[PDB]
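Working through the structure, step by step
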Amino acid sequence: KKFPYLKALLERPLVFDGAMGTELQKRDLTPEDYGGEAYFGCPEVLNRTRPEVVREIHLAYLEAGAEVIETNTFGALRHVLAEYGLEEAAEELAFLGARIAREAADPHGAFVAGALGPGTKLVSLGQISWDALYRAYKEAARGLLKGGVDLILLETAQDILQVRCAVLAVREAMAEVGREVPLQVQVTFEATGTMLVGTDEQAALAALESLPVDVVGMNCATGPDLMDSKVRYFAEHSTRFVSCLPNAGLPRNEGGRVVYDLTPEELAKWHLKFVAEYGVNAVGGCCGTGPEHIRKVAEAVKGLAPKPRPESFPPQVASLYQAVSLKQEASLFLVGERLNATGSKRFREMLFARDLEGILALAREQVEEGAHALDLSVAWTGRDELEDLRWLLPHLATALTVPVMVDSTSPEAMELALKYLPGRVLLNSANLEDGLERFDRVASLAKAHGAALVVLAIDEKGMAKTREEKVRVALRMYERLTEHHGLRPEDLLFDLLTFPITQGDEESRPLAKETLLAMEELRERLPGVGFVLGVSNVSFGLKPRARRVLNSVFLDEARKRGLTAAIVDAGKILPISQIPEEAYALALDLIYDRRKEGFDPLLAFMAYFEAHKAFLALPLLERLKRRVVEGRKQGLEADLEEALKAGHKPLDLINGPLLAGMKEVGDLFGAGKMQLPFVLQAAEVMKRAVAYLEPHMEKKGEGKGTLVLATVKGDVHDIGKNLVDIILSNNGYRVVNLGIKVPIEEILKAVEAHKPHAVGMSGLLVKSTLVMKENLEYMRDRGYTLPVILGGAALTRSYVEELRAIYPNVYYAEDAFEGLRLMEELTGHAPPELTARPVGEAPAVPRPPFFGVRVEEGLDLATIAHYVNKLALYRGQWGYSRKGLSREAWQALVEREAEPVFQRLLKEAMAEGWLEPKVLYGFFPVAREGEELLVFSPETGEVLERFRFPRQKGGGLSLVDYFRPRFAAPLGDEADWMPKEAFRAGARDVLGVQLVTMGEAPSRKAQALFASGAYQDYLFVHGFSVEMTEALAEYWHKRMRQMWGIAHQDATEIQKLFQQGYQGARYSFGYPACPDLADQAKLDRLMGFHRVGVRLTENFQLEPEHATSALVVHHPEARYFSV
Ligand SMILES: [K+]
């Protein structure tokens, strides 16, 4: 409003500049240019040594259409510059940078943002002190302000505590030089999805909303693909203006020059979405981006009308990691009390002994028991408060999931706490016991750091005990906090005091009620504010069970009167339902002071508990059943030996509780109350129970019946088969698993030896359905009429009845549990219930970055993880079924249960290194000749290979139709950049090729988990591995499109990519458009699959398991089709 920059943000989208760093690399500067060898590479020193070079880059961006340029001052901080011996030059280099930008900006009417980066040292991990970090930002911001920047920009924030430190430092520099400007703060979200130190986007925005920041936003780390979700969050929720400056995606080496593939036109489309859909206010580029990126962005967003920002932000608190709302719906905001020195005894002794692992474990307990935040008080009689805090707080900063309520009478101790604790904190003591000047101290501290304040109702003349007092004190404090200090009502939590009403004393017994009555009046009079109570103090001086109940009831009553938070022992808080009826009634009589003549509620409440008052306390029979159903590994072997000592025979133990459990699991799975991963968890408990009882039995029985299970010849790792093995074995039966790639010779060899009820055949691949026919054709000659059970994703239910002519007894199995039902009926444990348009010419031939084939190693797995089809993973692979559930209810199920597994598996795979993404990829000059695609050499021009792609029957569609014919007249420049010899030979098109692999490691790891009987982790690890390999193919296809110059036609939503929402298509050998696997040997010769550790078999199958190749087609009308 006041400042021109914020006026401009209201009127139009402001286009920021792109990268300074990458633009300097083009100029090929020398140590002389940086003013010495020591200073070489420091861009900020160029403000001194070569201003004209910095000026020129600003001009290039201004001309392109940036209305805002950033000063070349990112690392103009003491501790950053120290690496170059320039620690003393921060204010100078900041100033000169700001003066260079000012000179470039003034003719163009453009804004200048005083950019300061996050530095090289993280405050939250104690790599730099608050005071040191504070000084560096204050120094460099005075320089920026003196050079005439129109805003201060805190860029690339990794540490949310640095954001608070830098905001305060910068605001004080403004005070010193007597000039305010708007403050823009931009965080950086890693591809993992949080800031580097751990802060998610909810925590980051909660922190920023409490501080005096005019524009919040995002830059660097990722391209716009991964930013989308984060920038959507900021745009939708932030009351401030929103900025967004993505990278040009992941970098790529190209002859020792670092190259980025995100084009101007793609960036433009992303920023158009961010401005037009989400209402982002400023947009620019970060690493990789140049003037051309800015040019296209400006063109895209010019003219668009800004959306107005939300008026309000929900009141919420934040730790280093996560946000928590102060208003908890229905419930309360529970603050754990047990990290108090005076209160808790266990904490007190742990603090004195310096038992960190004890204190953190205690803090975990409170969180598990349902604390939303934790109270912290270390103020003991004698001890140095500051010194105990200095020891403890660095560990709490990074250890704690939940935020902290700093409970201290000392403002010095509070200020110290605020310098260690990241996020948005609460402060406990804001009261007028020692006059205004110590109340105002804590308030200004809460306002400056953006903390939520607990406003305790204690004035100069003693405490507030009655209703009238509690009200009058609270209104005086509310007036002070709002009008003087400027704190919002939502920031305040008023503690109307909570006095003890027990101990047998009168005067104490009507005070719990005057709190409740005052709470009502202030709820109505002061809307917006919160209400906290030290709830455990009402029952101070009472037996353990008695205090538990009275506390629970006073909590509930306070809630009804308007309580929004409470300091409690969350573990002990009872729902009033579970309090017995007499106790509840007496607790209320006590609270509200309902003395009849022959009745004291304190006596009767006390008297009640005198002479009154896990699944381990169950029957031994039923406990072993629920061990299976609930999937409880711990205490199985302990309970089994207890059963054996009571003379329970192993067979009737297995057939009794344990098979009863797996039956209940089969029923719950049918009813959709239990999903597949948890069913496998039950099967583990069963397999552990069998394995314990195997040495303690003489039976060695055949079970319900035998089954010879196997996977067909020329197939691959069939998890589906192994799930049959798991489910059947642990439902009583005896499977013999023959493995994969078994021919019909050795499968029937098992049949004569074992002599089974049924013979299971299975196959993942589509081509092994015809190999199953050949198996059944082989069997009828020898005269076999055993009931064969066919299954797999390859087969269909109609096809087994059509195959029933060849073999009489053949049955389908959709999943493992149909295969179970089948085996029940055969063995006799159940009744027999089962007894094309033509292709127009391409508008261009897109120019690739190179011809030939390259290798790309070490692609960021978090970037790849973005392109996972989570629907395919969670529903398909992991078996979180959709049927009998809504589409928003299923999204809740997976975000609860599946998504944490994924996050864990991603973190594991990155740390432990068991996904190794490699990519073999390239472009070849090609041409159609008839019904063939000729692949010409980039060097010689000779025809290296020829592909006869199948055409659809009845003169239909073919892959060759997407390619230009030999000797065609060029559509444009092709002669200038096609390989000279190939072009003379008649090549007139380009074909992309790609082979991606995650390596052999995830296959080994999956097999080892199945071999160890960790069935659930086998399911998870296998599924994750498949879809991460598909994600790498999806990701790389996007990279191929980007470097080809066609990715501006991609969808800006990821699920649209999975529905081919992009130009062209990729095609793998096996797909119905090209089902001949033999062509993969042609692609091996062109590319050289050994270069990324991929091998092609005799049967033209790729090894290892997690590997896929594809032809990549640029043609806009290219779509998936079938012959
Ligand atoms: K920039």
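For this coordinate set, the PDB header names X-ray crystallography as the determination method and states a resolution of 2.75 Å.

Some remarks on the coordination of the potassium ion
Protein coordination of the potassium ion is provided by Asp17 (O), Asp17 (OD), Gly18 (O), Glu70 (OE) and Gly285 (O), with donor distances spanning 2.8 to 3.0 Å. Overall, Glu70 belongs to the buried group, its relative accessible area being 10%.

Description of the pattern of salt bridges
If you walk through the whole model with that rule in mind, you get 86 salt bridges. In this structure, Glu56 engages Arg27 in a salt bridge whose closest nitrogen and oxygen atoms are separated by 3.1 Å. Of the two residues, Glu56 sits in helix α4 (residues 51-64) while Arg27 sits in the loop between α2 (21-25) and α3 (46-49), which places them 29 residues apart along the sequence. Owing to a relative accessible area of 32%, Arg27 belongs among the partly exposed residues under this scheme. One salt bridge in this structure joins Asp440 and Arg480, with 2.8 Å as the shortest N-O distance.

Side note on the domain arrangement of the chain
Its domain assignment divides the chain into domain 1 (4-301), domain 2 (316-547 + 560-571), domain 3 (620-693), domain 4 (706-827) and domain 5 (852-1113). Listed per partner, the contact involves 19 residues of domain 1 and 23 residues of domain 5. Summing the contributions of domain 1 and of domain 5, the shared interface buries around 1,700 Å²; its carbon and sulfur component is 52%. Counting across the domain 1 and domain 5 interface gives four salt bridges. The partner of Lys273 in a salt bridge is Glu1053, with the nearest N and O atoms 3.4 Å apart. Across the domain 1-domain 5 interface, the total number found is 11 residue pairs in polar contact. Of all the secondary structure elements, the ones that give two or more residues to the side of domain 1 that touches domain 5 are α10 (224-237), β8 (252-254) and α11 (264-276). Ranked by residues supplied to the side of domain 1 that touches domain 5, first place goes to α11 with five residues. Classifying every residue of the side of domain 1 that touches domain 5 by side-chain character gives six nonpolar, three polar and 10 charged.

Description of the sheet that holds strand β23 (residues 758-762)
Here we have five strands laid out as an open sheet, ordered β22-β21-β23-β24-β25, and parallel in their pairing. Across the chains shown, the open sheet's two edge strands, defined by having one partner strand only, are β22 (734-737) and β25 (810-813). When the angles between neighbouring strand axes are averaged without regard to direction, this sheet yields 25 degrees. Examined bridge by bridge, strand β21 (residues 706-711) and β23 share five bridges and lie parallel to one another.

Topic: the sheet that holds strand β15 (residues 404-406)
The parallel open sheet is built from eight strands, whose spatial order is β19-β18-β17-β16-β15-β14-β13-β20. With one partner strand each, in any of the chains shown, β19 (530-531) and β20 (565-568) form the two edges of the open sheet.

Structural notes on the packing of helix α34 (residues 889-896) against helix α35 (residues 898-912)
Following both chains from N to C, one finds α34 and α35 inclined at 40 degrees, their axes separated by 3 Å at the closest point. Relative to α35, the element α34 is oriented oblique. Contact with α34, carried on its side by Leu893, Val894, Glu895 and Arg896, involves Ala898, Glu899 and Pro900 of α35 and no other residues of that element. Here the contact of α34 with α35 is composed, by residue class, of four nonpolar, no polar and three charged.

Focus on the packing of aromatic side chains
Evaluated as defined, the whole model comprises 31 aromatic pairs. Consider the rings of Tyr874 and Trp878, whose centres lie 5.3 Å apart with planes at 25 degrees: the pair is stacked. For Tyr874, a relative accessible area of 2% gives the class buried. Ring geometry for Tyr921 versus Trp1036: centroids 4.8 Å apart, planes at 65 degrees, classification edge-to-face. Taken together, the positions of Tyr921 in strand β27 (residues 918-929) and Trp1036 in helix α39 (residues 1015-1044) put the pair 115 residues apart, joining distant regions of the chain. Here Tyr921 and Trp1036 have matching classes, each one buried. Each member of the aromatic cluster is reached from another via a ring pair, and the members are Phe850, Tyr867, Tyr921, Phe923, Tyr1035, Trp1036 and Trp1044. Against the face of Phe615 rests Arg632, its NZ or CZ located 4.0 Å from the ring centre. The residue whose ring lies beneath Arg782 is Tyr778, and the NZ or CZ to ring-centre distance is 3.6 Å.

Criteria and thresholds
- Residues numbered from 1 in each chain as written, not as in the entry; some residues may be left out.
- Heavy atoms only, no water.
- Donors = N, O, S within 2.8 Å, 3.2 Å for Na, K, Ca; no water.
- Buried < 20%, exposed > 50% of the residue type's maximum accessible area, 1.4 Å probe, protein only.
- Salt bridge = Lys/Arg side-chain N within 4 Å of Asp/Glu carboxyl O.
- Helix = DSSP H or I, 4+ residues; strand = E, 2+ residues; numbered from the N terminus.
- Domains from an automatic or database assignment.
- Contact = heavy atoms within 4.5 Å.
- Buried area = accessible area lost by both parts, 1.4 Å probe.
- Polar contact = N/O pair within 3.5 Å; in protein donor to acceptor, adjacent residues only side chain to side chain.
- Nonpolar A, V, L, I, M, F, W, Y, C, P; charged D, E, K, R; others polar.
- Pairing = 2+ DSSP bridges.
- Axes fitted to C-alpha atoms, helices over the stretch in contact; angles between N-to-C directions.
- Parallel < 35°, antiparallel > 145°, perpendicular 65-115°, else oblique.
- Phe/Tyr/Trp six-rings, centres within 6.5 Å; stacked < 30°, edge-to-face > 60°.
- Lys NZ or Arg CZ within 6 Å of the ring centre and 35° of its normal.

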